[PDB]
Amino acid sequence: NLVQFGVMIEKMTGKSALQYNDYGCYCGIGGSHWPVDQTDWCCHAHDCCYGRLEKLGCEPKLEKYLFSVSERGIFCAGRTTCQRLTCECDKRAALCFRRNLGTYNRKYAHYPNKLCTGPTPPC
Ligand SMILES: Cc1c(C(=O)C(N)=O)c2c(OCC(=O)O)cccc2n1Cc1cccc(Br)c1
Ligand SMILES: [Ca+2]
């Protein structure tokens, strides 16, 4: 369930969430090998974030959360701790995407997975 994350991405980046789908080697389902750039690192970190949440008993692929965006930043909320954790993982990713808007390159969008090489960096 990707609706709330995609919304958070759009608010923070000024780009459709689709622009971060299949981006590089890590943005989109799964991921492996070496991250192509800083945006892709955000996604590697985000994958790691979700792994920690699964180990905690949460299901961050599916959790539904609440959030708002003021000038103070992104406010995360939800009924359960797992929902709030999911929002936090997503928030850090959205902020990481915004922050690295400078090096976002369109060539890495829809990256052929055959072009991903190197080792897989650990969490
Ligand atoms: C940025 C991103 C993701 C990540 O943060 C990532 N680390 O791979 C992501 C994603 O990662 C979650 C995962 O692989 O556990 C799955 C599908 C689309 C994804 N996207 C693109 C996306 C995100 C939200 C809504 C839409 Br529509 C598209
Ligand atoms: Ca991924």
# chains A, B, ... in the order shown; residues from 1 in each chain; ligands from 1
$ residues_near_ligand --ligand "ligand 1" --cutoff "10 Å" --atoms "only C-alpha atoms and all ligand atoms" --output "PyMOL selection string"
chain A and resi 1-10+16-31+39-51+60-61+89-94+97
$ write_last_selection --atoms "C-alpha atoms" --output "PDB file, in the first residue's frame"
ATOM      1  CA  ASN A   1       0.000   0.000   0.000  1.00  0.00           C
ATOM      2  CA  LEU A   2       2.020   2.925  -1.422  1.00  0.00           C
ATOM      3  CA  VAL A   3      -0.492   5.844  -1.391  1.00  0.00           C
ATOM      4  CA  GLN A   4       0.662   7.833   1.722  1.00  0.00           C
ATOM      5  CA  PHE A   5       4.372   7.471   0.862  1.00  0.00           C
ATOM      6  CA  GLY A   6       3.834   8.596  -2.737  1.00  0.00           C
ATOM      7  CA  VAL A   7       1.924  11.582  -1.384  1.00  0.00           C
ATOM      8  CA  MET A   8       4.749  12.415   1.058  1.00  0.00           C
ATOM      9  CA  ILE A   9       7.289  12.118  -1.789  1.00  0.00           C
ATOM     10  CA  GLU A  10       5.331  14.569  -3.993  1.00  0.00           C
ATOM     11  CA  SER A  16       5.602  12.447  -9.017  1.00  0.00           C
ATOM     12  CA  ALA A  17       6.423   9.400  -6.848  1.00  0.00           C
ATOM     13  CA  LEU A  18       6.721   7.514 -10.171  1.00  0.00           C
ATOM     14  CA  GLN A  19      10.012   9.400 -10.729  1.00  0.00           C
ATOM     15  CA  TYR A  20      11.437   7.455  -7.769  1.00  0.00           C
ATOM     16  CA  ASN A  21      10.016   4.083  -8.913  1.00  0.00           C
ATOM     17  CA  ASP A  22      12.675   1.802 -10.436  1.00  0.00           C
ATOM     18  CA  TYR A  23      15.124   4.646  -9.833  1.00  0.00           C
ATOM     19  CA  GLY A  24      18.660   3.348  -9.717  1.00  0.00           C
ATOM     20  CA  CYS A  25      19.394   0.013  -8.117  1.00  0.00           C
ATOM     21  CA  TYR A  26      17.308   0.375  -4.909  1.00  0.00           C
ATOM     22  CA  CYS A  27      14.142   2.474  -5.388  1.00  0.00           C
ATOM     23  CA  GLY A  28      11.201   0.142  -6.084  1.00  0.00           C
ATOM     24  CA  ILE A  29      10.663  -3.404  -4.833  1.00  0.00           C
ATOM     25  CA  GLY A  30      13.812  -5.210  -3.667  1.00  0.00           C
ATOM     26  CA  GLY A  31      17.234  -3.910  -4.654  1.00  0.00           C
ATOM     27  CA  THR A  39      18.963   9.392  -4.006  1.00  0.00           C
ATOM     28  CA  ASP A  40      19.507   5.634  -4.455  1.00  0.00           C
ATOM     29  CA  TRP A  41      21.229   5.563  -1.032  1.00  0.00           C
ATOM     30  CA  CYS A  42      18.032   7.068   0.451  1.00  0.00           C
ATOM     31  CA  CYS A  43      16.221   4.003  -0.920  1.00  0.00           C
ATOM     32  CA  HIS A  44      18.888   1.572   0.371  1.00  0.00           C
ATOM     33  CA  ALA A  45      18.512   3.217   3.818  1.00  0.00           C
ATOM     34  CA  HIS A  46      14.685   3.048   3.415  1.00  0.00           C
ATOM     35  CA  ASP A  47      14.861  -0.707   2.596  1.00  0.00           C
ATOM     36  CA  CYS A  48      17.037  -1.113   5.739  1.00  0.00           C
ATOM     37  CA  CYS A  49      14.471   0.897   7.735  1.00  0.00           C
ATOM     38  CA  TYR A  50      11.695  -1.441   6.618  1.00  0.00           C
ATOM     39  CA  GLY A  51      13.839  -4.516   7.504  1.00  0.00           C
ATOM     40  CA  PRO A  60       5.608  -1.542   6.942  1.00  0.00           C
ATOM     41  CA  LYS A  61       4.661  -2.497   3.350  1.00  0.00           C
ATOM     42  CA  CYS A  89      11.048   5.443   7.867  1.00  0.00           C
ATOM     43  CA  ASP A  90       9.139   7.106   4.989  1.00  0.00           C
ATOM     44  CA  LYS A  91       9.755  10.616   6.331  1.00  0.00           C
ATOM     45  CA  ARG A  92      13.513  10.176   6.520  1.00  0.00           C
ATOM     46  CA  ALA A  93      13.381   8.859   2.908  1.00  0.00           C
ATOM     47  CA  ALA A  94      11.272  11.764   1.629  1.00  0.00           C
ATOM     48  CA  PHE A  97      15.016  12.686  -1.595  1.00  0.00           C
TER      49      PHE A  97
END
$ residues_around --residues "stretch 66-72 of chain A" --least-positions-apart "4" --cutoff "9 Å" --atoms "only C-alpha atoms" --output "list in words"
residues 4, 8, 11, 12, 76, 77, 78, 79, 83, 84 and 87 of chain A
$ write_last_selection --atoms "C-alpha atoms" --output "compact mmCIF listing (two decimals), in the first residue's frame"
# COMPACT_ATOMS: atom_id res chain seq x y z
CA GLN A 4 0.66 7.83 1.72
CA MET A 8 4.75 12.42 1.06
CA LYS A 11 4.93 17.17 -1.24
CA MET A 12 8.64 17.05 -0.36
CA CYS A 76 3.84 11.56 11.74
CA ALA A 77 0.91 9.90 13.46
CA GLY A 78 -1.14 6.76 13.75
CA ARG A 79 -3.06 4.50 16.08
CA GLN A 83 2.15 2.78 11.90
CA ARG A 84 4.14 5.66 13.39
CA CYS A 87 5.82 6.99 8.74
$ closest_residue --among "A:15, A:116, A:54, A:122" --to "residue A:35" --atoms "only C-alpha atoms"
A:116
$ select_by_dssp --residues "chain A" --states "alpha helix (DSSP H)" --output "JSON, numbers by chain"
{"A": [3, 4, 5, 6, 7, 8, 9, 10, 11, 12, 13, 38, 39, 40, 41, 42, 43, 44, 45, 46, 47, 48, 49, 50, 51, 52, 53, 54, 55, 81, 82, 83, 84, 85, 86, 87, 88, 89, 90, 91, 92, 93, 94, 95, 96, 97, 98, 99]}
$ select_by_dssp --residues "chain A" --states "strand (DSSP E)" --output "PyMOL selection string"
chain A and resi 66-70+73-77
$ atom_distance --atom1 "atom CA of residue A:98" --atom2 "atom CA of residue A:13"
5.0 Å
$ atom_distance --atom1 "atom CA of residue A:37" --atom2 "atom CA of residue A:96"
12.0 Å
$ closest_residue --among "A:113, A:104, A:14, A:55" --to "ligand 2" --atoms "only C-alpha atoms and all ligand atoms"
A:113
$ decode --residues "stretch 97-119 of chain A" --atoms "N, CA and C atoms" --output "PDB file, in the first residue's frame"
ATOM      1  N   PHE A  97      15.273  12.385  -0.163  1.00  0.00           N
ATOM      2  CA  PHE A  97      15.016  12.686  -1.595  1.00  0.00           C
ATOM      3  C   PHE A  97      15.056  14.186  -1.884  1.00  0.00           C
ATOM      4  N   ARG A  98      14.328  14.976  -1.085  1.00  0.00           N
ATOM      5  CA  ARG A  98      14.361  16.442  -1.192  1.00  0.00           C
ATOM      6  C   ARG A  98      15.780  16.974  -1.137  1.00  0.00           C
ATOM      7  N   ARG A  99      16.501  16.552  -0.109  1.00  0.00           N
ATOM      8  CA  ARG A  99      17.832  17.053   0.170  1.00  0.00           C
ATOM      9  C   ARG A  99      18.825  16.785  -0.990  1.00  0.00           C
ATOM     10  N   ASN A 100      18.630  15.682  -1.693  1.00  0.00           N
ATOM     11  CA  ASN A 100      19.495  15.329  -2.797  1.00  0.00           C
ATOM     12  C   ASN A 100      18.850  15.637  -4.128  1.00  0.00           C
ATOM     13  N   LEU A 101      17.893  16.564  -4.154  1.00  0.00           N
ATOM     14  CA  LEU A 101      17.296  16.971  -5.431  1.00  0.00           C
ATOM     15  C   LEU A 101      18.333  17.462  -6.430  1.00  0.00           C
ATOM     16  N   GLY A 102      19.430  18.044  -5.927  1.00  0.00           N
ATOM     17  CA  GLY A 102      20.530  18.546  -6.742  1.00  0.00           C
ATOM     18  C   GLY A 102      21.202  17.557  -7.674  1.00  0.00           C
ATOM     19  N   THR A 103      21.283  16.290  -7.258  1.00  0.00           N
ATOM     20  CA  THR A 103      21.952  15.241  -8.043  1.00  0.00           C
ATOM     21  C   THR A 103      20.989  14.221  -8.634  1.00  0.00           C
ATOM     22  N   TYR A 104      19.689  14.411  -8.431  1.00  0.00           N
ATOM     23  CA  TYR A 104      18.699  13.582  -9.117  1.00  0.00           C
ATOM     24  C   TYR A 104      18.964  13.666 -10.632  1.00  0.00           C
ATOM     25  N   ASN A 105      19.131  12.512 -11.284  1.00  0.00           N
ATOM     26  CA  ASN A 105      19.370  12.441 -12.729  1.00  0.00           C
ATOM     27  C   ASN A 105      18.339  11.529 -13.376  1.00  0.00           C
ATOM     28  N   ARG A 106      17.705  12.047 -14.430  1.00  0.00           N
ATOM     29  CA  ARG A 106      16.644  11.321 -15.144  1.00  0.00           C
ATOM     30  C   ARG A 106      17.110  10.018 -15.793  1.00  0.00           C
ATOM     31  N   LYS A 107      18.395   9.946 -16.166  1.00  0.00           N
ATOM     32  CA  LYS A 107      18.983   8.706 -16.702  1.00  0.00           C
ATOM     33  C   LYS A 107      18.854   7.503 -15.753  1.00  0.00           C
ATOM     34  N   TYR A 108      18.845   7.736 -14.442  1.00  0.00           N
ATOM     35  CA  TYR A 108      18.684   6.644 -13.483  1.00  0.00           C
ATOM     36  C   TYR A 108      17.235   6.220 -13.228  1.00  0.00           C
ATOM     37  N   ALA A 109      16.260   7.019 -13.653  1.00  0.00           N
ATOM     38  CA  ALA A 109      14.857   6.588 -13.594  1.00  0.00           C
ATOM     39  C   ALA A 109      14.613   5.436 -14.593  1.00  0.00           C
ATOM     40  N   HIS A 110      13.911   4.402 -14.127  1.00  0.00           N
ATOM     41  CA  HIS A 110      13.648   3.201 -14.905  1.00  0.00           C
ATOM     42  C   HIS A 110      14.956   2.528 -15.304  1.00  0.00           C
ATOM     43  N   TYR A 111      15.754   2.224 -14.285  1.00  0.00           N
ATOM     44  CA  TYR A 111      17.097   1.715 -14.499  1.00  0.00           C
ATOM     45  C   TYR A 111      17.039   0.238 -14.853  1.00  0.00           C
ATOM     46  N   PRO A 112      17.639  -0.152 -16.002  1.00  0.00           N
ATOM     47  CA  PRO A 112      17.718  -1.589 -16.265  1.00  0.00           C
ATOM     48  C   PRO A 112      18.501  -2.292 -15.154  1.00  0.00           C
ATOM     49  N   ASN A 113      17.870  -3.290 -14.537  1.00  0.00           N
ATOM     50  CA  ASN A 113      18.439  -3.978 -13.370  1.00  0.00           C
ATOM     51  C   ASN A 113      19.744  -4.756 -13.724  1.00  0.00           C
ATOM     52  N   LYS A 114      19.916  -5.075 -15.007  1.00  0.00           N
ATOM     53  CA  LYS A 114      21.154  -5.670 -15.528  1.00  0.00           C
ATOM     54  C   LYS A 114      22.363  -4.737 -15.392  1.00  0.00           C
ATOM     55  N   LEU A 115      22.113  -3.437 -15.274  1.00  0.00           N
ATOM     56  CA  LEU A 115      23.175  -2.436 -15.173  1.00  0.00           C
ATOM     57  C   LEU A 115      23.659  -2.238 -13.714  1.00  0.00           C
ATOM     58  N   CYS A 116      23.022  -2.926 -12.764  1.00  0.00           N
ATOM     59  CA  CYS A 116      23.442  -2.895 -11.358  1.00  0.00           C
ATOM     60  C   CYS A 116      24.555  -3.904 -11.079  1.00  0.00           C
ATOM     61  N   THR A 117      25.713  -3.389 -10.678  1.00  0.00           N
ATOM     62  CA  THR A 117      26.906  -4.189 -10.421  1.00  0.00           C
ATOM     63  C   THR A 117      27.576  -3.783  -9.103  1.00  0.00           C
ATOM     64  N   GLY A 118      28.538  -4.603  -8.672  1.00  0.00           N
ATOM     65  CA  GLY A 118      29.253  -4.399  -7.424  1.00  0.00           C
ATOM     66  C   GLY A 118      28.720  -5.300  -6.317  1.00  0.00           C
ATOM     67  N   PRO A 119      29.241  -5.105  -5.090  1.00  0.00           N
ATOM     68  CA  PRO A 119      28.706  -5.761  -3.908  1.00  0.00           C
ATOM     69  C   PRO A 119      27.438  -5.060  -3.453  1.00  0.00           C
TER      70      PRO A 119
END
